[PDB]
């Protein structure tokens, strides 16, 4: 009855710190890779998360809050500029073990 799923969240380096700390204080075993992506093929991070099915939406909301797309004020006259964004996918898991 151990219905397990894997969530893969791709996320911006900026938000990756706060998120990973969130996961911990939220009792979520995440493992973090660093990747590239985007038009400019810049750096970002990817998370992989073995989690029980029942808890997924908990996890997704954790992410949304941490890394949703927003705009902020930035100076090179400050300007509103867009930051953040997360793409995430949750895969099924046939079997899950800890050794």
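Positions refer to the first chain, counted from 1.
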| item | value |
| --- | --- |
| Length class of the unmodelled deposited segment, which would lie between residue 76 and residue 77 | 10 or more |
| 77-85 versus 17-25 - which carries the larger mean C-alpha B factor in the record | 77-85 |
| Between the two ranges 28-36 and 67-75, the one averaging a larger CA B factor in the entry | 67-75 |
| Lowest, middle or highest third - CA B-factor, residue 49 | middle |
